[PDB]
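One structure below.
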Amino acid sequence: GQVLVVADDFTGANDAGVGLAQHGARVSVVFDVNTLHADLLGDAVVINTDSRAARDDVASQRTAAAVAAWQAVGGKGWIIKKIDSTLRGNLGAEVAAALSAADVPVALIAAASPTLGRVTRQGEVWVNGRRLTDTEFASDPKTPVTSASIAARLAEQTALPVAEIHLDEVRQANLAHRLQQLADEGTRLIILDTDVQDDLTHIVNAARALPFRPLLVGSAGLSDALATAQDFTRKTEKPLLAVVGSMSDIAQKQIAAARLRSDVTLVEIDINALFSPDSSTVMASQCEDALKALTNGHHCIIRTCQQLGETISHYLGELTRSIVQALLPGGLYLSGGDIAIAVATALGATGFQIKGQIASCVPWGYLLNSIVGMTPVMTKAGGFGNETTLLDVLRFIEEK
Ligand SMILES: O=C([O-])[C@@H](O)[C@H](O)CO
């Protein structure tokens with residue numbers, strides 16, 4: 001389930017890394033292949049061969065050495081040779097080297113990044129409406145681009161047999177069978193069209209259906225599709241604890257948006273149960289549920305489903321206090337205002353030091369003199385925000 005990215009430059013390495021991290025990977029750029037070891041392998045390793053303007057033989061040697069070093073410490077999973085979307089550099093030498101080191105029958109070259117305006121049509125790269133050779137990316141200063149044809153570029157440095165699969169054929173349900181056919185026939189480099197990001201999803205699904213893991217070759221688009229397909233477990237060390245008593249439509253939508261995530265757990269508070277005699281045992285249960293979510297790296301959303309409001313706010317205050325004593329969390333989000341005040345009071349707070357605001361409607365700071373110490377606390381009034389407000393709060397806590 002491990003990924004190796006071998007990129008030919010600084011920005012390519014970073015861009016691949018970012019994409020992996022965004023999809024839940026533990027990912028690092030390792031500066032010298034000589035500091036690679038088994039513990040660094042989970043989930044992704046990125047090597048920058050800094051070889052775009054190097055001699056072809058040097059580029060080849062570095063690329064192969066990166067793959068070999070990863071293999072030598074037990075790397076197993078997927079290898080992506082990150083190339084320039086605009087086809088600058090030692091493409092053929094580096095792809096051939098990576099394929100040799102990978103020791104599998106084929107490389108899938110799916111170079112497009114449609115969300116960045118790079119597509120592959122009939123084997124040629126187009127950038128924002130022009131063939132690549134009618135763009136700037138092709139006028140030196142260091143590394144000319146003499147063809148928009150991926151095959152033609154490759155052939156400057158490698159004579160490995162190639163085949164192109166154009167868009168209509170790419171989109172067929174039998175793509176994996178076609179990849180297998182070409183492999184069996186001795187084709188080594190398979191060059192695939194792409195117009196939209198879904199095409200890259202489809203190509204990676206086909207790659208995953210083969211009895212070996214092909215070498216992958218592409219730019220940000222393919223890297224993102226690979227990262228997505230790995231389905232990395234989303235977790236955070238210090239997750240948000242959210243406590244929401246708001247029954248507004250927008251609160252439901254905000255929670256629903258977070259609920260879509262695999263790293264979010266809801267603890268639902270049946271208002272009816274508050275009047276039952278076993279209320280305390282149920283609260284103990286809800287406390288346990290929240291602890292289990294938070295300690296296993298899920299954000300935890302506690303939400304309900306005159307004096308009624310006060311009964312509910314008091315209960316949520318006591319549940320929150322119970323969870324804090326039982327413990328984390330990375331942050332505390334309280335909504336609406338009645339909940340914010342009831343919870344603050346239950347935690348012994350004397351005030352709220354305001355540092356700023358998230359998403360134009362979520363004040364944040366620290367409670368003063370409370371049992372949550374310097375845990376960031378966020379509040380939101382009932383009715384405020386948009387469908388992504390709570391997602392914005394999750395991101396805030398993830399980043400700090
Ligand atoms: O693929 C791209 O366009 C970028 O990663 C570029 O190669 C960075 O120099």
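Atom set for the values below is all heavy atoms of this structure, side chains included, hydrogens, waters and symmetry mates excluded. One-based numbering along the sequence shown.
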Side-chain heavy atoms under 4.5 angstrom apart, residues restricted to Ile, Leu, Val, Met, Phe, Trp, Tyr: same cluster for [X] and [Y]?
| X | Y | answer |
| --- | --- | --- |
| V264 | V243 | no |
| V3 | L215 | yes |
| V362 | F384 | no |
| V244 | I312 | no |
| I371 | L367 | yes |

Donor-acceptor contact below 3.5 Å, side chain [X] vs main chain [Y]:
| X | Y | result |
| --- | --- | --- |
| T320 | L316 | yes |
| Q2 | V45 | no |
| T345 | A342 | no |
| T228 | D224 | yes |
| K355 | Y366 | no |
| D199 | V196 | yes |
| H299 | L240 | yes |
| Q230 | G1 | yes |
| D278 | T281 | no |
| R213 | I79 | no |

Minimum heavy-atom separation for [X] and [Y], please, with both atom names.
| X | Y | answer |
| --- | --- | --- |
| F352 | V377 | CE1-O, 3.5 Å |
| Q180 | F212 | NE2-CE2, 4.3 Å |
| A183 | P105 | CB-CB, 4.1 Å |
| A7 | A13 | CB-N, 3.6 Å |
| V27 | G17 | CG1-O, 3.5 Å |
| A206 | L179 | CB-CD1, 3.9 Å |

How long is the straight-line distance from [atom2] of [Y] back to [atom1] of [X], given to the nearest 0.5 Å?
| X | Y | atom1 | atom2 | value |
| --- | --- | --- | --- | --- |
| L20 | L226 | CG | CG | 7.0 Å |
| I255 | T389 | CD1 | OG1 | 11.5 Å |
| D193 | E124 | CG | CD | 9.5 Å |
| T120 | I165 | OG1 | CD1 | 12.5 Å |
| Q122 | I191 | CD | CD1 | 13.5 Å |
| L87 | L132 | CG | CG | 5.0 Å |

For [X] and [Y], test the side chains for any donor-to-acceptor distance below 3.5 angstrom and give the result as yes or no.
| X | Y | result |
| --- | --- | --- |
| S313 | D338 | no |
| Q254 | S335 | no |
| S113 | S219 | yes |
| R62 | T49 | no |
| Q172 | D168 | no |

Does a side-chain heavy-atom distance below 4.5 Å link [X] with [Y]?
| X | Y | result |
| --- | --- | --- |
| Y315 | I271 | no |
| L200 | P114 | yes |
| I323 | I302 | yes |
| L182 | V106 | no |
| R261 | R234 | no |
| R118 | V127 | yes |
| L319 | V267 | no |
| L391 | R395 | no |

Carboxylate-amine/guanidinium proximity below 4.0 Å for [X] and [Y]:
| X | Y | answer |
| --- | --- | --- |
| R321 | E318 | yes |
| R26 | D43 | yes |
| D84 | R88 | yes |

**Asked** Which residues pass the salt bridge (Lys or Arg N to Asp or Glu O under 4.0 Å) test with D8, sequence neighbours left out?
**Response** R52
**Message:** Determine whether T146 and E156 satisfy the following criterion, side chain to side chain donor-acceptor pair (under 3.5 Å), listing intermediate values before the conclusion.
**Reply:** CA-CA 10 Å; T146 59; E156 294 178 46; 3.3 Å; yes
So with a 6.0 Å cut-off around [atom1] of [X], is the heavy-atom count from everything else above 12?
| X | atom1 | result |
| --- | --- | --- |
| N272 | CG | no |
| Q307 | CD | no |
| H166 | NE2 | yes |
| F31 | CZ | no |

**Request:** Any chance you could lay out the side-chain contact (heavy atoms from CB on, under 4.5 Å) test for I397 and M378, step after step, and finish with the verdict?
**Result:** CA-CA 10 Å; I397 293 305; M378 281 71 59; 3.7 Å; yes
**Message:** Between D103 and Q71, does the side-chain contact (heavy atoms from CB on, under 4.5 Å) criterion hold? Intermediate values first, please.
**Reply:** CA-CA 11 Å; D103 202 16; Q71 293 165 328; 5.9 Å; no
**Request:** If a pair satisfies side chain to side chain donor-acceptor pair (under 3.5 Å) and one of its residues is in residues 90-99, list it, with sequence neighbours excluded.
**Result:** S51-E94, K81-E94, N90-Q157
**Prompt:** Could you give all pairs that pass the salt bridge (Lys or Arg N to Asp or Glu O under 4.0 Å) test and reach residues 68-79, with sequence neighbours left out?
**Reply:** none
**Item:** Residue pair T375, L241: steps toward the side-chain contact (heavy atoms from CB on, under 4.5 Å) verdict
**Value:** CA-CA 11 Å; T375 297; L241 175 61; over 6 Å; no
**Prompt:** Per the side-chain contact (heavy atoms from CB on, under 4.5 Å) rule, which among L222, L91, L154 passes with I109?
**Reply:** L154
**Message:** Run the side-chain contact (heavy atoms from CB on, under 4.5 Å) test on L41 and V73 for me, step by step, so that the C-alpha distance in whole Å, both residues' side-chain angles and the decisive distance to 0.1 Å come before the verdict.
**Reply:** CA-CA 8 Å; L41 301 168; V73 302; 3.8 Å; yes
